[PDB]
4 protein chains.
Amino acid sequence: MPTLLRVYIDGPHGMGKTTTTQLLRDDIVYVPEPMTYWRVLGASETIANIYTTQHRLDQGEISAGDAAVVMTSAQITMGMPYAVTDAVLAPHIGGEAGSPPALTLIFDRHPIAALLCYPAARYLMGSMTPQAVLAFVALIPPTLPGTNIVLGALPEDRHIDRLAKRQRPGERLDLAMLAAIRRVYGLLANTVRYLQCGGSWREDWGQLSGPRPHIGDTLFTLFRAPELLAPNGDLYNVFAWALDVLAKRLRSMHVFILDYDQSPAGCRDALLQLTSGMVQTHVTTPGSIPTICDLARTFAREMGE
Amino acid sequence: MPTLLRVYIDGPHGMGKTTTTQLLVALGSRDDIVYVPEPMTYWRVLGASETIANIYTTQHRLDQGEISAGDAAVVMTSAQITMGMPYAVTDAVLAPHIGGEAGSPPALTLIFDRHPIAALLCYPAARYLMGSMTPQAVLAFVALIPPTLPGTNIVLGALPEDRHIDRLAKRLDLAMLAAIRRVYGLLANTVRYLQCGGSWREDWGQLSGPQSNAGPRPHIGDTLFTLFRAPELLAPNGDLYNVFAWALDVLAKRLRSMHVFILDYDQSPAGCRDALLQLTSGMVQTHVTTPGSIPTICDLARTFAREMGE
Amino acid sequence: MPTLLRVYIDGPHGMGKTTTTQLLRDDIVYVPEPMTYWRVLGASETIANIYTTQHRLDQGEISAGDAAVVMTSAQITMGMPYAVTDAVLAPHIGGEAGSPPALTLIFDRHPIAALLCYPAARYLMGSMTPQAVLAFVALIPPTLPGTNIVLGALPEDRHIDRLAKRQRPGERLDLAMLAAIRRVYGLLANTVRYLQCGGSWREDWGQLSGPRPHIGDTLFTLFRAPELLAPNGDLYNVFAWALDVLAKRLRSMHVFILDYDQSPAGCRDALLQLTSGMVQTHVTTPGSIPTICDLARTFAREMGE
Amino acid sequence: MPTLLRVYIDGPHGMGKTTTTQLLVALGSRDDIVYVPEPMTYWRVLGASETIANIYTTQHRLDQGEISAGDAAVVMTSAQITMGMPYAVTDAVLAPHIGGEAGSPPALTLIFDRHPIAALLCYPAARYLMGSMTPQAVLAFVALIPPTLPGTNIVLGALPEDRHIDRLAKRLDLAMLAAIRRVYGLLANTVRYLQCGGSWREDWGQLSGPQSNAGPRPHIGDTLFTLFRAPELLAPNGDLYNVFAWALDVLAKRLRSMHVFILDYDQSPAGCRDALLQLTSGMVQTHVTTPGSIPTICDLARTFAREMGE
Ligand SMILES: Cc1c(CCCO)[nH]c(=O)[nH]c1=O
Ligand SMILES: Cc1c(CCCO)[nH]c(=O)[nH]c1=O
Ligand SMILES: Cc1c(CCCO)[nH]c(=O)[nH]c1=O
Ligand SMILES: Cc1c(CCCO)[nH]c(=O)[nH]c1=O
């Protein structure tokens, strides 16, 4: 059975993933940003709606409840392409191969960006309830073998610079959102590591009110929100179970950090040198490769412009 | 390994589902049958404030022309996320304990008040027909439906519309009642169609202009695939965009391995109970993954019930 | 408190770590190969003794028992510099910093090379008992925070080529040893991953006789050796406890794969791009940096030529 | 948290250590005192074949001039790895359960038949004096001595040489007996020296040409630091190579936080027992890290005893 290498380029937007993936006929396929789905297919100018809603919340034109509704609804549209892609690809993924590959599938983001990271950042911006965030978490697809996710590293000033000259249709340069999104992804990397080193959120939970990251430097800190706790301060079981799922989904992910503070050619090599430690899997059928190729190419043609 | 029987009682609201279930639970030994109730407390307090009231108020507002379709859709989509939360989280923590199928007593019987598809497919689809939700959002929810675990037995209910209207009326939105009844009828036909070898892609062109585990193969027009022939999902060449076509592939995959049964609610509560009890005999059981899965499952259900079912 | 980045360049010898580390005044210090300790200080031509002993075992001049004694004794000498370095450095290492660093300490190998990997490979060459290997494992120092280890990737033919032109004093080009050492390091990488993904050796033990690597692709397979089992096939508790330590020591390590199938400049950049995902720690005293620098420079001056 | 008392009975062999320990264990309740015996079975069968016999045969062979110093050193080094295995593995799995120090009854008392330093320092050092081990290998073992956990109470024994020779003689290598007695005397002085503020680096130059927890500061020449002034460890400038100097730093660090006591074995078994029992009163206890650490520790000790102590 042929081998496959899946690479999910994620992290905060505005550092250069697009460029980095771009600089790069049958052995590698690229599933690009589904901008057409966000701007036309799924709804009308989804990014624009998102930034306009936060801006109005900031100005006091709408309430926090109004914003959260908009924001929750918008995230469903944003993640759609990722969720549908994962669902049809799942059955074709077999078990790990071990320490080249028939096919290399490079994706522009993983489902957790839309189901965990963006929503968590919006929660930090006061435009999304923590219950909605855990509801998206509860819907995160099972982590399949060989789930390699590349997160970016970049000093904030440089990030702002880079983000400013590459704004998306309807986007507004919001420094508070940049900080929130950067904080979530930093916590994300720490969480995977925490979990991989044996961290148990239920055992360390008490430390939030008192060789691995401290629970306070992981995504678990965000869920100490008062909306999720009973009158005695205990976490409701519904949410505690959602955190159990988060732990299980994140733990088996393989995280790779890509330094974006270099030229596009540097990033390109950087990324390519990073693939040697990535985990490959076998496919389930002999005709899985071809199907995967068409899926990816069809996705790109229809949603990546 | 000990065996497990999971039964999800679902279908349109107002038929007597909850009553029936509690009567069934009351018959069995204290610990060989557990109930996972309707998470009303999560819907009224924990996830958000009064969700059902908000859903109904939004629709009414839309009907009166006090808000736009867009305004309603954003509220319905967000409300549906909250509505489905408890079902999704329960399925996610139960998943790992479910083993392979065994055969048609068992160590434990888990009766559930609805299945994830109620909140991720059925209500959203009914709201799409009510004009308070977009077809794109409905398909987004469909794509998020968790993998269907082995031994997924779903009991849907049958009941004459005049009796249902009567039973339900003590708002009483009759248009929504008709829409949810139609959606559940489509659902049963969809499973049947899929189990008889039906391929939506092959029959798609037959579109234009119930029994779940018995009968001949239904026409595609009598299944859920007909709801998605909306102009929003169609490209300039007439066919469905691939994004949406893939969502329909997920829908087929998720519903084809389920075991659906129809329970006639047009009888007394005790009749319903005994009818349901008889139906369990042809249902599929599964093994559990660990020896301590049973206890864990009981605790999960009891915990759920205590915190969210009142 | 200043931050520190420790980088242990390890993996099978002969791929180019030396060159890679070499191509690279106060912010980075290099602790080189302690060749002088191996050839003179600790004993006389230790590498030579090692390869001569295997060769004689292969030719049938000495017995397996004779070889194991020599081999065990030799490994104590080989690891000495690493073990003493770790022991005096331990107290200065604080907790993780999180997602530049005051000091970057690049080492030529980590204690597990001499206490786990080489011995395991020699066990595979029939020149070391499995009990001795688990005895070295039991002596592996506690895994401190920020333990980043770089392992190399390189196709076998290329490795042989590279190994052939860079033989060490007294070394003999042994293809059976190359395979054994390459196999151990491949299993090592799989083991860390297995452990990080929740793998439990005691739970999966039964699979050796019947989203993570299968236990059969980890270092645990090597310890199914008959010398370690009781008459009923059970693992003796002494050894089972040694495997518990292995799991604990390996699990919190951060592994990074460096592709050595490129020019030295490529490897150098490759390695440097790999540092962005490495874990940094705080030191315990304000004067820890300076002390660390002198230790490293003193080590280099006395043992690295 | 429950408290724990760990006592390592060590010192030269042939003084009555084992007997004394078993008498002490026999006094306490069944489960408040557990014994971790000498792992003879690991030394005779499990780790290798007959290790002690091999050690003694090698030395004899060396003495007779039937093998070289190099041949003996390779065998002694490898034998010492096997000898220390069970102590090292036990310390590694016990470590995580040990908490901070409490004060001078406790939930559990663990009596050990020797400590890791016996196999990683004392015997190797004695073999160095016997010419069957190199000083470099001895220092390699020293560098591998595990971090000294809190509440490390070590009981060393005192006994006149004529009585010891008598007690030990039913080979009888008197040179080895003298070497091991000297090493243990040096050890006690080393701890004392370190606890009185002694700095080997400051006093190194005083080298040329017992009581563990009492008395004045011993001279460096009466401590273990004197054994390492060997020509093999000295650079051309006269001083120690840094590699070896760092090994001595590890030795100081490891022995300075230990609590050493001297037990007089020149009395009857019951006298020894009561003497030992009285000594436990000034020993340091520690808390355990988890509430279930006690049971785990008991099982570990019982398992160890069953598998390796006969
Ligand atoms: C992926 C994602 C982005 C990033 C898209 C890149 O510009 N932004 C959002 O507001 N929600 C999402 O979920
Ligand atoms: C499950 C569900 C119901 C049924 C709950 C009332 O019995 N109603 C909705 O409006 N959305 C849903 O998702
Ligand atoms: C590190 C090591 C090497 C590798 C040193 C690099 O040439 N070889 C051995 O035989 N034992 C060891 O432990
Ligand atoms: C502990 C030990 C002993 C003592 C065991 C006999 O009581 N003898 C040796 O030769 N080496 C050792 O390491």
# chains A, B, ... in the order shown; residues from 1 in each chain; ligands from 1

call {"tool": "select_by_dssp", "arguments": {"residues": "segment 37-195 of chain C", "states": "helix (DSSP H, G or I)", "output": "short mmCIF file (atom, residue, chain, number, x, y, z; two decimals) with N, CA and C atoms, in the first residue's frame"}}
result
data_model
loop_
_atom_site.label_atom_id
_atom_site.label_comp_id
_atom_site.auth_asym_id
_atom_site.auth_seq_id
_atom_site.Cartn_x
_atom_site.Cartn_y
_atom_site.Cartn_z
N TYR C 37 39.31 11.65 25.75
CA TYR C 37 39.00 10.84 26.93
C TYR C 37 38.98 9.37 26.50
N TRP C 38 38.34 9.10 25.36
CA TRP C 38 38.23 7.75 24.84
C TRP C 38 39.55 7.14 24.42
N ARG C 39 40.44 7.95 23.85
CA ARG C 39 41.73 7.43 23.40
C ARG C 39 42.80 7.47 24.46
N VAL C 40 42.80 8.44 25.38
CA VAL C 40 43.85 8.52 26.38
C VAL C 40 43.40 8.63 27.83
N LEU C 41 42.68 9.68 28.20
CA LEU C 41 42.28 9.92 29.57
C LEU C 41 41.60 8.78 30.30
N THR C 46 39.81 3.16 23.13
CA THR C 46 38.55 2.60 23.54
C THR C 46 37.75 2.21 22.29
N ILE C 47 37.74 3.09 21.28
CA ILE C 47 37.01 2.71 20.06
C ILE C 47 37.67 1.50 19.43
N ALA C 48 39.00 1.51 19.34
CA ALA C 48 39.76 0.41 18.77
C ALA C 48 39.46 -0.91 19.47
N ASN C 49 39.42 -0.86 20.80
CA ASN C 49 39.13 -2.03 21.61
C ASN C 49 37.74 -2.57 21.27
N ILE C 50 36.77 -1.66 21.16
CA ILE C 50 35.41 -2.01 20.83
C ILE C 50 35.30 -2.74 19.50
N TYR C 51 35.84 -2.15 18.43
CA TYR C 51 35.74 -2.79 17.12
C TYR C 51 36.57 -4.05 17.01
N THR C 52 37.71 -4.11 17.69
CA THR C 52 38.55 -5.31 17.65
C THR C 52 37.84 -6.45 18.35
N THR C 53 37.14 -6.14 19.45
CA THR C 53 36.41 -7.16 20.19
C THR C 53 35.27 -7.74 19.37
N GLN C 54 34.49 -6.92 18.66
CA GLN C 54 33.41 -7.45 17.84
C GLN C 54 33.98 -8.34 16.73
N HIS C 55 35.00 -7.82 16.05
CA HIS C 55 35.66 -8.54 14.97
C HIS C 55 36.13 -9.92 15.41
N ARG C 56 36.73 -10.03 16.59
CA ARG C 56 37.19 -11.31 17.11
C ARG C 56 36.02 -12.22 17.45
N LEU C 57 34.90 -11.63 17.89
CA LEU C 57 33.71 -12.42 18.20
C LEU C 57 33.15 -13.00 16.90
N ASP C 58 33.11 -12.17 15.86
CA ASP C 58 32.63 -12.54 14.54
C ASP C 58 33.48 -13.67 13.94
N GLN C 59 34.79 -13.61 14.15
CA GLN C 59 35.70 -14.62 13.64
C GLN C 59 35.72 -15.89 14.48
N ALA C 64 30.97 -15.13 23.25
CA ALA C 64 29.98 -14.08 23.42
C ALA C 64 30.11 -13.45 24.81
N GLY C 65 30.40 -14.27 25.80
CA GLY C 65 30.59 -13.84 27.18
C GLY C 65 31.83 -12.96 27.30
N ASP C 66 32.91 -13.33 26.62
CA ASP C 66 34.14 -12.55 26.64
C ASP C 66 33.88 -11.16 26.05
N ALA C 67 33.21 -11.14 24.90
CA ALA C 67 32.88 -9.92 24.20
C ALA C 67 31.99 -8.99 25.03
N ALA C 68 30.96 -9.53 25.66
CA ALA C 68 30.03 -8.76 26.47
C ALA C 68 30.72 -8.06 27.63
N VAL C 69 31.66 -8.75 28.26
CA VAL C 69 32.43 -8.16 29.36
C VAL C 69 33.18 -6.96 28.81
N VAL C 70 33.99 -7.20 27.76
CA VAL C 70 34.75 -6.11 27.16
C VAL C 70 33.84 -4.94 26.79
N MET C 71 32.79 -5.26 26.05
CA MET C 71 31.83 -4.29 25.56
C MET C 71 31.15 -3.49 26.65
N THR C 72 30.77 -4.13 27.75
CA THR C 72 30.12 -3.44 28.87
C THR C 72 31.11 -2.48 29.52
N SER C 73 32.30 -2.99 29.81
CA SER C 73 33.36 -2.18 30.40
C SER C 73 33.69 -0.98 29.54
N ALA C 74 33.76 -1.18 28.22
CA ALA C 74 34.08 -0.11 27.29
C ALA C 74 33.02 0.98 27.26
N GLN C 75 31.74 0.60 27.35
CA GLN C 75 30.67 1.59 27.33
C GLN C 75 30.69 2.52 28.53
N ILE C 76 31.21 2.06 29.66
CA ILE C 76 31.31 2.89 30.86
C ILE C 76 32.29 4.03 30.56
N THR C 77 33.40 3.70 29.93
CA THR C 77 34.41 4.67 29.53
C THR C 77 33.86 5.65 28.50
N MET C 78 33.13 5.15 27.50
CA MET C 78 32.56 5.99 26.47
C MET C 78 31.57 7.02 26.99
N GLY C 79 30.69 6.64 27.91
CA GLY C 79 29.67 7.54 28.42
C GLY C 79 30.10 8.49 29.52
N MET C 80 31.21 8.20 30.17
CA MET C 80 31.77 8.98 31.27
C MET C 80 31.64 10.47 31.06
N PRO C 81 32.25 11.04 30.02
CA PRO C 81 32.17 12.46 29.75
C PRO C 81 30.75 12.99 29.69
N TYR C 82 29.81 12.23 29.13
CA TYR C 82 28.43 12.67 29.05
C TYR C 82 27.77 12.64 30.43
N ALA C 83 27.98 11.55 31.15
CA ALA C 83 27.40 11.40 32.48
C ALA C 83 27.94 12.44 33.46
N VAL C 84 29.24 12.72 33.43
CA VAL C 84 29.77 13.72 34.37
C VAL C 84 29.27 15.10 34.00
N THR C 85 29.19 15.40 32.70
CA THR C 85 28.69 16.68 32.22
C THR C 85 27.24 16.89 32.65
N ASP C 86 26.41 15.86 32.48
CA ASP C 86 25.01 15.98 32.87
C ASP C 86 24.85 16.22 34.36
N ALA C 87 25.61 15.51 35.18
CA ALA C 87 25.55 15.61 36.62
C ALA C 87 25.90 16.97 37.18
N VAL C 88 26.88 17.68 36.62
CA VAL C 88 27.24 19.00 37.12
C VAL C 88 26.37 20.09 36.51
N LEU C 89 25.73 19.77 35.38
CA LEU C 89 24.87 20.73 34.70
C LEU C 89 23.45 20.71 35.27
N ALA C 90 22.99 19.56 35.74
CA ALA C 90 21.66 19.36 36.28
C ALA C 90 21.17 20.45 37.20
N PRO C 91 21.86 20.73 38.30
CA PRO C 91 21.48 21.75 39.25
C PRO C 91 21.26 23.13 38.67
N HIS C 92 21.93 23.49 37.58
CA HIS C 92 21.77 24.80 36.97
C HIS C 92 20.52 24.90 36.10
N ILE C 112 22.15 9.12 26.63
CA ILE C 112 21.50 7.90 26.15
C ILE C 112 22.24 7.22 25.01
N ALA C 113 23.15 7.89 24.31
CA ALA C 113 23.90 7.25 23.24
C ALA C 113 24.77 6.12 23.81
N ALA C 114 25.46 6.40 24.91
CA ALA C 114 26.33 5.48 25.57
C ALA C 114 25.64 4.56 26.57
N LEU C 115 24.52 4.98 27.12
CA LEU C 115 23.78 4.19 28.09
C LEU C 115 22.62 3.41 27.50
N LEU C 116 22.17 3.74 26.29
CA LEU C 116 21.05 3.03 25.70
C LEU C 116 21.27 2.54 24.28
N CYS C 117 21.47 3.46 23.36
CA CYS C 117 21.62 3.19 21.94
C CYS C 117 22.78 2.34 21.53
N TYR C 118 24.01 2.66 21.92
CA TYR C 118 25.16 1.82 21.55
C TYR C 118 25.06 0.45 22.17
N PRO C 119 24.80 0.35 23.46
CA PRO C 119 24.62 -0.92 24.14
C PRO C 119 23.52 -1.75 23.50
N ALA C 120 22.38 -1.13 23.16
CA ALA C 120 21.29 -1.86 22.51
C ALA C 120 21.77 -2.41 21.17
N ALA C 121 22.52 -1.61 20.42
CA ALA C 121 23.05 -2.06 19.13
C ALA C 121 24.01 -3.22 19.33
N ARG C 122 24.86 -3.14 20.35
CA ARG C 122 25.81 -4.22 20.64
C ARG C 122 25.07 -5.47 21.07
N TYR C 123 23.90 -5.31 21.70
CA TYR C 123 23.08 -6.46 22.09
C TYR C 123 22.61 -7.14 20.79
N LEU C 124 22.27 -6.33 19.79
CA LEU C 124 21.82 -6.82 18.50
C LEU C 124 22.96 -7.46 17.69
N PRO C 130 21.42 -8.49 27.37
CA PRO C 130 20.29 -7.60 27.56
C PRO C 130 20.18 -7.12 29.00
N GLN C 131 20.68 -7.87 29.98
CA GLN C 131 20.66 -7.46 31.38
C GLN C 131 21.58 -6.25 31.59
N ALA C 132 22.72 -6.25 30.89
CA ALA C 132 23.66 -5.13 30.99
C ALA C 132 23.01 -3.89 30.39
N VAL C 133 22.36 -4.06 29.24
CA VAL C 133 21.68 -2.94 28.59
C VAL C 133 20.66 -2.31 29.53
N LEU C 134 19.84 -3.13 30.20
CA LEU C 134 18.84 -2.57 31.11
C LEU C 134 19.49 -1.99 32.36
N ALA C 135 20.70 -2.43 32.69
CA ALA C 135 21.44 -1.88 33.82
C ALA C 135 21.91 -0.48 33.44
N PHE C 136 22.32 -0.28 32.18
CA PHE C 136 22.73 1.07 31.76
C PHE C 136 21.50 1.97 31.72
N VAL C 137 20.38 1.42 31.25
CA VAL C 137 19.12 2.17 31.18
C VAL C 137 18.71 2.64 32.57
N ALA C 138 18.81 1.77 33.57
CA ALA C 138 18.47 2.10 34.94
C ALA C 138 19.29 3.26 35.48
N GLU C 156 20.55 4.53 3.74
CA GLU C 156 21.66 3.65 4.05
C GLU C 156 22.85 3.70 3.11
N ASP C 157 22.65 3.64 1.80
CA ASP C 157 23.77 3.69 0.86
C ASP C 157 24.58 4.97 1.09
N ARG C 158 23.90 6.10 1.20
CA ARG C 158 24.55 7.38 1.46
C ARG C 158 25.30 7.36 2.79
N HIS C 159 24.70 6.74 3.81
CA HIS C 159 25.31 6.63 5.12
C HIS C 159 26.62 5.85 5.04
N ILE C 160 26.59 4.71 4.34
CA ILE C 160 27.79 3.89 4.17
C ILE C 160 28.90 4.70 3.51
N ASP C 161 28.53 5.47 2.49
CA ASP C 161 29.46 6.30 1.74
C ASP C 161 30.14 7.29 2.69
N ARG C 162 29.27 8.00 3.41
CA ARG C 162 29.71 9.00 4.36
C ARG C 162 30.51 8.39 5.49
N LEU C 163 30.06 7.26 6.03
CA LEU C 163 30.77 6.59 7.11
C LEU C 163 32.14 6.10 6.66
N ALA C 164 32.22 5.56 5.44
CA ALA C 164 33.48 5.06 4.92
C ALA C 164 34.56 6.11 4.89
N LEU C 175 29.26 -3.18 8.41
CA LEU C 175 27.92 -2.93 7.91
C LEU C 175 26.84 -3.52 8.80
N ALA C 176 27.16 -4.58 9.53
CA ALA C 176 26.18 -5.18 10.45
C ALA C 176 25.95 -4.22 11.62
N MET C 177 27.02 -3.56 12.08
CA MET C 177 26.88 -2.59 13.17
C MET C 177 26.12 -1.37 12.68
N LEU C 178 26.40 -0.93 11.45
CA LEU C 178 25.69 0.22 10.89
C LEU C 178 24.18 -0.03 10.89
N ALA C 179 23.77 -1.22 10.48
CA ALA C 179 22.37 -1.59 10.43
C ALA C 179 21.78 -1.64 11.84
N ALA C 180 22.49 -2.25 12.78
CA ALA C 180 22.02 -2.35 14.16
C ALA C 180 21.85 -0.96 14.76
N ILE C 181 22.88 -0.12 14.61
CA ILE C 181 22.80 1.23 15.17
C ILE C 181 21.70 2.04 14.50
N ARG C 182 21.54 1.90 13.18
CA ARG C 182 20.49 2.62 12.47
C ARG C 182 19.11 2.14 12.94
N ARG C 183 18.99 0.83 13.17
CA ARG C 183 17.72 0.27 13.64
C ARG C 183 17.37 0.78 15.04
N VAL C 184 18.33 0.79 15.96
CA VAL C 184 18.08 1.28 17.31
C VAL C 184 17.60 2.73 17.31
N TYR C 185 18.30 3.62 16.60
CA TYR C 185 17.89 5.02 16.55
C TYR C 185 16.53 5.19 15.90
N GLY C 186 16.20 4.38 14.90
CA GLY C 186 14.87 4.46 14.27
C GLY C 186 13.83 4.05 15.33
N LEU C 187 14.12 2.97 16.05
CA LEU C 187 13.22 2.53 17.12
C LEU C 187 13.15 3.60 18.20
N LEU C 188 14.27 4.27 18.50
CA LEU C 188 14.27 5.31 19.52
C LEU C 188 13.27 6.42 19.20
N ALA C 189 13.30 6.92 17.97
CA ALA C 189 12.38 7.97 17.55
C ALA C 189 10.93 7.52 17.65
N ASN C 190 10.67 6.27 17.28
CA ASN C 190 9.33 5.71 17.34
C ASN C 190 8.85 5.56 18.79
N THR C 191 9.77 5.22 19.68
CA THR C 191 9.45 5.03 21.09
C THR C 191 9.02 6.33 21.74
N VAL C 192 9.77 7.41 21.52
CA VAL C 192 9.42 8.71 22.10
C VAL C 192 7.98 9.06 21.72
N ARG C 193 7.73 8.99 20.43
CA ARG C 193 6.42 9.22 19.81
C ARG C 193 5.36 8.31 20.41
N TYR C 194 5.65 7.02 20.51
CA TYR C 194 4.73 6.04 21.10
C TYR C 194 4.33 6.49 22.51
N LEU C 195 5.32 6.82 23.32
CA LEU C 195 5.12 7.28 24.68
C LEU C 195 4.36 8.60 24.73
#

call {"tool": "residues_near_ligand", "arguments": {"ligand": "ligand 4", "cutoff": "9 Å", "atoms": "only C-alpha atoms and all ligand atoms", "output": "PyMOL selection string"}}
result
chain D and resi 10-14+17-18+38-40+51-52+55-56+76+79-84+114-124+126-127

call {"tool": "interface_residues", "arguments": {"of": "chain A", "to": "chain C", "cutoff": "6 Å", "atoms": "only C-alpha atoms", "output": "VMD selection string"}}
result
chain A and resid 145 196 to 197 211 252 257 270 273 277

call {"tool": "write_last_selection", "arguments": {"atoms": "N, CA, C and O atoms", "output": "JSON list (two decimals), in the first residue's frame"}}
result
[["chain", "number", "residue", "atom", "x", "y", "z"],
["A", 145, "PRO", "N", -3.93, 9.07, 12.26],
["A", 145, "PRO", "CA", -2.49, 8.87, 12.29],
["A", 145, "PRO", "C", -1.84, 9.80, 11.28],
["A", 145, "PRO", "O", -2.47, 10.16, 10.28],
["A", 196, "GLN", "N", 1.67, 15.44, 25.62],
["A", 196, "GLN", "CA", 2.64, 14.43, 25.22],
["A", 196, "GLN", "C", 3.54, 14.03, 26.39],
["A", 196, "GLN", "O", 3.95, 12.87, 26.50],
["A", 197, "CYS", "N", 3.82, 14.95, 27.31],
["A", 197, "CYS", "CA", 4.65, 14.66, 28.46],
["A", 197, "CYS", "C", 3.90, 14.09, 29.64],
["A", 197, "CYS", "O", 4.44, 14.07, 30.76],
["A", 211, "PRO", "N", 8.53, 17.37, 33.54],
["A", 211, "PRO", "CA", 9.10, 18.27, 32.54],
["A", 211, "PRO", "C", 8.10, 18.57, 31.45],
["A", 211, "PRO", "O", 8.03, 17.98, 30.38],
["A", 252, "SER", "N", -2.20, 13.39, 20.11],
["A", 252, "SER", "CA", -1.58, 12.58, 19.08],
["A", 252, "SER", "C", -1.19, 13.38, 17.85],
["A", 252, "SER", "O", -0.81, 12.81, 16.82],
["A", 257, "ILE", "N", 7.47, 23.60, 14.31],
["A", 257, "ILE", "CA", 7.51, 25.06, 14.30],
["A", 257, "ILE", "C", 8.33, 25.54, 13.10],
["A", 257, "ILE", "O", 9.44, 25.08, 12.83],
["A", 270, "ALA", "N", 13.13, 25.81, 4.81],
["A", 270, "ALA", "CA", 12.82, 25.56, 6.22],
["A", 270, "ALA", "C", 11.72, 24.51, 6.36],
["A", 270, "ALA", "O", 11.85, 23.49, 7.03],
["A", 273, "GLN", "N", 12.75, 21.10, 5.08],
["A", 273, "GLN", "CA", 13.70, 20.39, 5.94],
["A", 273, "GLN", "C", 12.90, 19.79, 7.11],
["A", 273, "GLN", "O", 13.21, 18.72, 7.63],
["A", 277, "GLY", "N", 11.03, 14.82, 9.76],
["A", 277, "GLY", "CA", 10.57, 14.29, 11.04],
["A", 277, "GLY", "C", 9.06, 14.07, 11.07],
["A", 277, "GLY", "O", 8.50, 13.67, 12.09]]

call {"tool": "closest_residue", "arguments": {"among": "B:103, B:50, B:42, B:231", "to": "residue 86 of chain B", "atoms": "only C-alpha atoms"}}
result
B:42

call {"tool": "interface_residues", "arguments": {"of": "chain B", "to": "chain A", "cutoff": "7 Å", "atoms": "only C-alpha atoms", "output": "PyMOL selection string"}}
result
chain B and resi 47+74-75+77-78+81-82+85-86+88-89+92-93+136-137+140+143-144+243+246-247+250

call {"tool": "atom_distance", "arguments": {"atom1": "atom CA of residue 289 of chain C", "atom2": "atom CA of residue 108 of chain C"}}
result
19.0 Å

call {"tool": "residues_around", "arguments": {"residues": "residue 191 of chain B", "least_positions_apart": "2", "cutoff": "8 Å", "atoms": "only C-alpha atoms", "output": "ChimeraX atom specification"}}
result
/B:187-189,193-195,212-213,255-256,258,260

call {"tool": "write_last_selection", "arguments": {"atoms": "N, CA and C atoms", "output": "short mmCIF file (atom, residue, chain, number, x, y, z; two decimals), in the first residue's frame"}}
result
data_model
loop_
_atom_site.label_atom_id
_atom_site.label_comp_id
_atom_site.auth_asym_id
_atom_site.auth_seq_id
_atom_site.Cartn_x
_atom_site.Cartn_y
_atom_site.Cartn_z
N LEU B 187 -35.73 11.19 6.42
CA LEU B 187 -34.63 10.49 7.06
C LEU B 187 -34.78 8.98 6.99
N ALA B 188 -35.93 8.46 7.40
CA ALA B 188 -36.18 7.02 7.37
C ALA B 188 -36.05 6.47 5.95
N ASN B 189 -36.56 7.20 4.96
CA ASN B 189 -36.45 6.78 3.56
C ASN B 189 -35.01 6.80 3.08
N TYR B 193 -33.17 3.71 1.50
CA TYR B 193 -32.57 3.92 0.19
C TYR B 193 -31.10 3.53 0.18
N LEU B 194 -30.34 3.99 1.17
CA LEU B 194 -28.92 3.68 1.25
C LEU B 194 -28.65 2.21 1.49
N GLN B 195 -29.47 1.57 2.32
CA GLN B 195 -29.30 0.15 2.61
C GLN B 195 -29.72 -0.73 1.46
N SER B 212 -38.18 2.44 7.43
CA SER B 212 -36.73 2.53 7.56
C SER B 212 -35.97 1.24 7.34
N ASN B 213 -36.52 0.11 7.76
CA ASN B 213 -35.83 -1.17 7.60
C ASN B 213 -36.66 -2.19 6.84
N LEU B 255 -25.45 7.81 7.48
CA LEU B 255 -26.73 7.13 7.66
C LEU B 255 -26.80 5.69 7.19
N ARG B 256 -25.94 5.24 6.29
CA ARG B 256 -26.02 3.88 5.77
C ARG B 256 -25.71 2.78 6.75
N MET B 258 -26.46 2.81 10.04
CA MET B 258 -27.37 2.89 11.17
C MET B 258 -28.51 1.88 11.04
N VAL B 260 -32.36 1.66 11.79
CA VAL B 260 -33.54 2.44 12.13
C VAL B 260 -34.81 1.62 12.28
#

call {"tool": "residues_around", "arguments": {"residues": "residue 273 of chain D", "least_positions_apart": "4", "cutoff": "9 Å", "atoms": "only C-alpha atoms", "output": "list in words"}}
result
residues 19, 20, 21, 22, 23, 24, 268, 269, 277 and 278 of chain D
